[PDB]
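Written out below as structure tokens is the structure these notes cover.
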Amino acid sequence: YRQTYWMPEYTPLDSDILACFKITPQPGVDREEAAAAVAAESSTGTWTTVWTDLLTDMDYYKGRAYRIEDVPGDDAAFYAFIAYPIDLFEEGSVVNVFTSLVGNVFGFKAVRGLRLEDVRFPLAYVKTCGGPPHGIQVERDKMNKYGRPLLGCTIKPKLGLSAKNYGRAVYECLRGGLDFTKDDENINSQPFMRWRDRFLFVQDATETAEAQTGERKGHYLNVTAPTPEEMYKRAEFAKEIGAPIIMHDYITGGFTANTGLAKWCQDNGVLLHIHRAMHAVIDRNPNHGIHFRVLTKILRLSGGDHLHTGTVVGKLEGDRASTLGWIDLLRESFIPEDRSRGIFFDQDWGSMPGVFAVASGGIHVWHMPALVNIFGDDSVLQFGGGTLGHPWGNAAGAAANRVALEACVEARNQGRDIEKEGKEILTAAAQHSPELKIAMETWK
Amino acid sequence: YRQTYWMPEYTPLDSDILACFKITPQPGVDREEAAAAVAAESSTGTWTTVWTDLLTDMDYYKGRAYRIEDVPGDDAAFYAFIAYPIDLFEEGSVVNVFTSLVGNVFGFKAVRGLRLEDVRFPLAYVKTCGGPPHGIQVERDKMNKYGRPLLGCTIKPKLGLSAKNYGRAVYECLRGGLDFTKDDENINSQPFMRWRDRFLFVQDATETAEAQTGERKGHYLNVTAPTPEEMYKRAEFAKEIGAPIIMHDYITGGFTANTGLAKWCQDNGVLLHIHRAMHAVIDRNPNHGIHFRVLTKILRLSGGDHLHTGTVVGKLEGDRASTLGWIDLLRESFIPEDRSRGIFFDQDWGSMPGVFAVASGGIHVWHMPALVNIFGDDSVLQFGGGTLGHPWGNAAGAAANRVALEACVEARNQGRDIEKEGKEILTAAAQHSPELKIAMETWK
Amino acid sequence: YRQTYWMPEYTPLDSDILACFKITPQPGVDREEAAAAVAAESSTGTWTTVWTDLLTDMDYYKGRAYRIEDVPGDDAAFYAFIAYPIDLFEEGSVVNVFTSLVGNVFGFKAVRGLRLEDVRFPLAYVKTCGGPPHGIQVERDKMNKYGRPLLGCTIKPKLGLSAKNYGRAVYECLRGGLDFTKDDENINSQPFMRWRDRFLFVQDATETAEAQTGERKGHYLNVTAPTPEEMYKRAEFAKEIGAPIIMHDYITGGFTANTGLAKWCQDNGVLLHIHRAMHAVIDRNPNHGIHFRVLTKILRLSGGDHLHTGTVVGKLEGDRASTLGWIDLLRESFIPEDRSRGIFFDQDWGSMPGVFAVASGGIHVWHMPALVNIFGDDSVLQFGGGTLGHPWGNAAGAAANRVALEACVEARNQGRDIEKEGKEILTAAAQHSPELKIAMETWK
Amino acid sequence: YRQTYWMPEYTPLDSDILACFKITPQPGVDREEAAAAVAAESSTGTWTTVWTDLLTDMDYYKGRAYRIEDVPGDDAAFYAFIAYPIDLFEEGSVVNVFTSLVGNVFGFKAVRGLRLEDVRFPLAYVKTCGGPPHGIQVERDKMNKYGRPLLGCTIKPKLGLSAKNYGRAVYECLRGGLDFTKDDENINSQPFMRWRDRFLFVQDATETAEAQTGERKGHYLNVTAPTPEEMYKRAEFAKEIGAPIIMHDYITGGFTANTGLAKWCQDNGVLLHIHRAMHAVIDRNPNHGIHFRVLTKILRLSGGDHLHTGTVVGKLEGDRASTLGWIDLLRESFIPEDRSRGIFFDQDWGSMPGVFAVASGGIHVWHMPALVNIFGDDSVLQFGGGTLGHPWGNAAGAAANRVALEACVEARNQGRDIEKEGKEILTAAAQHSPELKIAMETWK
Amino acid sequence: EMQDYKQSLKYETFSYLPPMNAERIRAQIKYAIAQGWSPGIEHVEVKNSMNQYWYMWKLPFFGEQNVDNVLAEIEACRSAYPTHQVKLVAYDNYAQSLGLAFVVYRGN
């Protein structure tokens, strides 16, 4: 098993697909043996040479482990680096690459746990996938929004609102100042609220808010459907009614469906918001699963204009590096290797446009200076509770959030340390914004 | 948080969706609090009552935890039973039910781990989904095969075979005696072997083997595609060329895509083989994930004629109950609650047809009496290594497997203890089968 | 015949379809024998066991009579209660359920008369059918009408009006104050008035009236056609021209056609008005036929936003209970058993939206307080004669009806006994409405 | 009311639609008044002249009662003859004519009962409808069957048979000698047996029987569906698999759906079998309903190649005239008025082809000479019990029925009184047919 | 005690009865002429018996009233084509169909 599928001397080609696996092996088993096992089961799946094996170029069509590294702070795990020829995969199929990498290796019985930490997509394979339909800069040009992060909100409760009541929440949220509102990952078409009525009333509310404000408005209309036919029908109806953006659940809906919807969005000029539902069943366990940075690479390969990445402020100061690293993976054109931030491979994206970063979950006006300092202008900040829980209503909460955002952006532009002076900046802004003042009073 | 979303007194309705969560909470947090937390985050996601909450029937549209049980042998975990009204979900959407159940609860920070153990699908919601396109009995009627388990084989290597060489492996495998051959989960359309050439040469080989043998033959042609349009095109081409069965990866491909393909298969009379790739990243961890029994329920709701369930013999004698329980979940019409086998809820399927059980991975002629005794006639046994590794070739290996299968089936029919007398039965069969004899000699 | 298809001890399952038949048997024949006869002929149709019978589960696939009750006041008839497994019917096919129930049993020669009184649709079968496209509340949200019953009018004469003249009746009727006008059940496309010209001129009149009044207007454009292709073409043209509501004859047109049109209406966001033409050939005879409550259940299962139910005031005070019972069946989510009102089974509808009640036929301003008190706000009151017979014209008649409606609604809201004080309330309203005053003078 | 809508002097035009109503009025009300009431409510529906009435030609657009006759043997009822201009109806719409005739008149409160006895379709309106897709002679030419009535059989039980078992009943029935087998009115697509599997296995059985016998075979595949889309899909699949005939339920399915299916059948060259399910709720009551002769006229106007008409032998000798009269209405080109046979109007059909008469229900080998003498060669005799109850099997029963049919046909051709000599003829035939002999022994 | 059905090829009307003799054929022809139908004679190969169009023997006997000549023509057809299936038909001009159609010799 050993000499056949792991080559210490092998130098990986620039077109090779590289994968890093954190192997937590059963005690007593050999590290090189386990590395070759992941390489084989992810490429060929067997060691016993059969007569059909001799009909192929065995030296070429196989994955090889070329480097084994210790895991800092974990003596029970080691890092296995495996190189895959670009010929092993369908061109432009995140589904096929993902299947080839994770089909059977996680069921290996000789390891206690297996984590896929990082995957290197070569520029040759990157150039084949469609990628994000529009990208950050094209979306900014279309929406006529520059110089500040975008604001979003999740309409709550997740259950019970009729089409008109959901629309009359969306309308106040948008007219208050948020650039976007968000359909929940649960809302596609329920008996209490059908999808067509959702789309119609949401478009009415968005148009009314845009007319009454003077700013481009949008709603991530959920098109996740039981069937691709239903999903395409819902997206086509959204385009027909004029919705500028839709939303898909790319994990639960599926990578094939997400890629098809992204291609349709690129074809039809419709922005695509991506929600990361279920990601926790996969990326939470530290010893078994596939990392959210790999999921982020897969999503940006498949196609999407927005992506949930976490609030960053929700973790301690010493646990932010991996989140920042996958943020850079999502947004930047070239991300150098960084072991501190969890970037195991140099990742060259070429001309593929970046994807907006979405921060959502338990964040309000107080986290906002930190959010601005961490994310920059190329991000979307979502305020579900921080907008709907406002005592004066959705419009007042949205106005408070927008005033805080503009004040923080101007403070950053003036050269101030917005995180150090956040309370002073917010108070100075609240001297001109009663809604903002009562917002801090509520959420202090 | 406590009194609002957990009701000890609540008696769950026969139409309610019930879910069982194994909660491994952070030490010191309350069990009822954690149960209500899973119930809330899986139904509404918040506790702070906003003004839009008062516009809805809060008593109805919420998930409630009604029972907490100790986990036998694990003092650090407890079982939370949650009831969901049928109104909370799209009718006939495994995607929507799955999203509502597992969207955010697994990212809960107050628990160390969360596992979805079992989910109760009421007959009312079951009657809405299409279910398996054909089912076990209809597939048996179509293929004219009765009284024995079906035989399959995975064509290996996963890489390198041209269309004609893959076909000339499939042809010998089928003409040797296997009812089916199997495309790998990696093979949909690669540069070394395109999907149309696959389908054409595979159909040629299948027709030749059927003509030369006198038995109906098939190949699970993989239609997993980057886009639903491509998947539908491949399935339509398979039907046009006359392929009786196709294969899909229902997890990596996606539940929406799998449901659409299952509906198409039911419409067009094409059998559907389902592969469970990636299932290990989800169901392996004992403290965090979603169980393969829940995945099996989801798959049979979505639609499929075959499903990989494990070889059963691959585990120790004391660890077979959960596998048998989800086997019964996949195949039987009504599965009573069984804590020993891991069946937490009474599961009534009504008239929905069963799904063939597929056993694959490291099994050969010696495991076969045990395989027959465990699975029964309504199963598919896959022999990749046990057929391709035969010294006399694929046809000889298939003949050996078929002779062993027929001998074991007849021995079971005669009333013998096939597991106790397996060696004697196989030797007696080998007295008339040199291929079988050399097969046992190879794999002893 | 006796022991085989009637089980006194059988307890019906919650998923079983239950039917109540009023059997008027030939004198001398056994009650249990006749009950088993209806059960058999509605499920299997024969008693002689043939060799193909032994190939099936005879204990399961059969309808069984489980209870026989006396008919109060009729010693010559008895009530037969029959339970049907949900497996006996196509899922979501009112056509199939109706055929299975009433195909041959009414031609039974051993009974003098057979009436189908009530049918229990279990929630499991209810969840499969599409149901009403929009429902009462969604229609109210779309039309922006709350707090009062809707007003309609049938354009008369049924014959002779050109497209423009029919439009110039509809325009005055709508601009007078009625929310809707109604195409007759006879008018789909006649030589004197073609359907396309109808739709165009009706849409012109509706738009003009809406612009001149400030209230949403509609016309139930009849799409009942000789062919489903023609019906779909007419409905599509109505949607293209912007008609918010169409009308179908669900009995003469057919249940299959009505279900298809209801599904199309739900898909395309078009309201559906249902007319009950021919219902009298079926539901009038007290000893032979199928009850209008069963027809109402069938219609709401098939799909429809409005339904004619009778004027209620047209019967004596002691004969209103059955009409009120089927009104509750049409509108309410759960209707408990009520023998006085003719509700023989507990009928759980779950989340299926209600259907507007339409009262039409010989009713004018004087019946109106009684109509309001009986029907409530969730009803449509139709005034054909009471609007067209107004001496000052259609607009004046519609204004009179609207003023009377608003006065009666306000009187009910103030807590007055509107039926006891109807004359005083109408006179007080007429002190400010000359059109209303002359309307009462005409119809006194 | 009187002078306006009933004209004793009016002579009805050859293009006028004439309807005969048996009115059982409330005691004391005027006969001419009731006749004018049916005429008005079936044409205009009102007597109060409104201002819109004066915009039309009231003398033309109205139905008029021109003759009142006593009912022989019933002093409490009288016959009302009403003439309708051809302009009152959509051209080629049995749905519209039926609605105009029976929409509201049966709910008239001044009559105790109303029966529509006969309706005169003028040749001008007849020439517009498509009529039967093929007709008796064209169907005979297509099936290559002449000189004898056709034989059919209903596959029983109605419940439980899988696709293959139903096919293995159909195969033996057809190979025994029956020209056709029949799907039940209940079987369109049930959970135990799906429609596509039905069509495939039925076509396989029909092809096998045709190959093994040398005679053209067919099965009335039921295409009655919840939606017209589903019905058209099933009919198209039947044509694609090569089924020569399909079946529809023209009352429960609907007249619009039946007309569309008949037009499709005429377009695609597929024979149409029509079942008359539910007809008893309408035509059984002697004082209230619409007659089966009117239903037969409506069906042949809509389109159909076969139609159930009753077994004729099932009634006493003195009650056969009405059945024979509607048989002549269905089959013959011109049926003169015959009060004894219930033909109230001269009915000219022109060139519209006749429809095969189907006799089914409780008939076996003994009724057969009478069946032949009554129906003639242009009829289909159905033997459900008389074929499936044969002790030697379906094939033997079919052979017995075919031998009896051929013997009776030859006896009629020889000039013998087949009804007088039926026992002798059947015994002489049984001297060469053991299956036939045991059939008479079973059913004596 | 039950007996199995022996399967064999069949030939439409009257094929389930014993083969007709001259008297029975004459009775059938008399029926055909009594109904006003025109007798006709057709023949085709045994393997081609299922053909919609058989070879036509001479022309249909319009206005023919002598069953003896009809039967003589049947026998002449048999003599001229001895391996051929032979069928007797009767044309119904008013209905544009065949009032009677059965085979006389079942081929060999």
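Using Swiss-Prot numbers, chain C covers 13-456, in order.
The way this entry was determined, per its header, is electron microscopy, 3.3 Å.
Even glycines carry a Cβ here, placed using N, Cα and C.
In the three-state DSSP assignment, the secondary structure recorded for C:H320 (substrate binding site) is strand. If you draw a 10 Å sphere around the CB of C:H320 (substrate binding site), it holds 22 other CB atoms from the protein chains shown. Here Swiss-Prot flags C:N116, C:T166, C:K170, C:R288, C:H320, C:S372 as substrate binding site, drawing on sequence analysis.
Under the heading active site, proton acceptor, Swiss-Prot lists C:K168 (among others), citing sequence analysis as support. According to DSSP, C:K168 (active site, proton acceptor) is assigned to coil rather than to any helix or strand. Counting only same-chain residues at least 6 apart in sequence, those with a Cβ under 8 Å from the Cβ of C:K168 (active site, proton acceptor) are C:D196, C:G396, C:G397, C:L400.
Look at Swiss-Prot and you will find C:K194, C:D196, C:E197 tagged as Mg(2+) binding site, backed by sequence analysis. Sequence-distant neighbours of C:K194 (Mg(2+) binding site) (same chain, 6+ apart, CB under 8 A from its CB) are C:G164, C:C165, C:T166, C:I167, C:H231, C:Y232, C:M259, C:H285, C:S372, C:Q394, C:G396. In this structure, C:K194 (Mg(2+) binding site) is part of a beta strand by DSSP.
What Swiss-Prot lists as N6-carboxylysine is C:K194, and the listing cites sequence analysis.
For the recorded site, C:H287 (active site, proton acceptor), the DSSP three-state label reads strand. Its Cβ taken as reference, C:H287 (active site, proton acceptor) is surrounded by 29 other Cβ atoms within 10 Å in the chains shown. Taken from Swiss-Prot, the feature active site, proton acceptor applies to C:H287 (among others).
Long-range neighbours of C:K327 (site 'Transition state stabilizer') (same chain, six or more residues apart, CB within less than 8 Å of its CB): C:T335. Taken from Swiss-Prot, the feature site 'Transition state stabilizer' covers C:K327, and the record attributes it to sequence analysis.
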Whole-number Å value for how far C:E197 (Mg(2+) binding site) lies from C:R288 (substrate binding site) (Cα to Cα): 9
Around the Cβ of C:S372 (substrate binding site), the count of other Cβ atoms that are within 10 Å: 20
Neighbours of C:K194, C:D196, C:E197 excl. site residues, C-beta within 8 Å of centre, Mg(2+): C:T166, C:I167, C:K170, C:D195, C:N198, C:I199, C:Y232, C:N234, C:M259, C:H287
Among C:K170, C:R288, which are binding-site residues, the residue with the most C-beta atoms within 10 angstroms of its C-beta: C:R288
Cβ packing number for C:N116 (substrate binding site), 10 Å threshold: 21
C:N116, C:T166, C:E197: the binding-site residues whose Cβ falls under 8 Å from a chain D Cβ: C:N116, C:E197
Integer Å distance between the CA atoms belonging to C:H287 (active site, proton acceptor) and C:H320 (substrate binding site): 6
Binding-site residues compared (C:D196, C:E197) - highest count of Cβ atoms within 10 Å: C:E197
Neighbouring C-beta atoms (10 Å sphere around the C-beta of C:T166 (substrate binding site)): 24
Maximum Cα-Cα separation in Å among residues C:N116, C:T166, C:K170, C:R288, C:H320, C:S372, which the record lists as binding substrate: 37
Distance [Cα-Cα, Å, rounded] between C:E197 (Mg(2+) binding site) and C:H287 (active site, proton acceptor): 7
Pairwise CA distance, C:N116 (substrate binding site) versus C:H287 (active site, proton acceptor), rounded so that it is a whole Å: 26
Cα-Cα distance linking C:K170 (substrate binding site) and C:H287 (active site, proton acceptor), given in Å to the nearest integer: 15
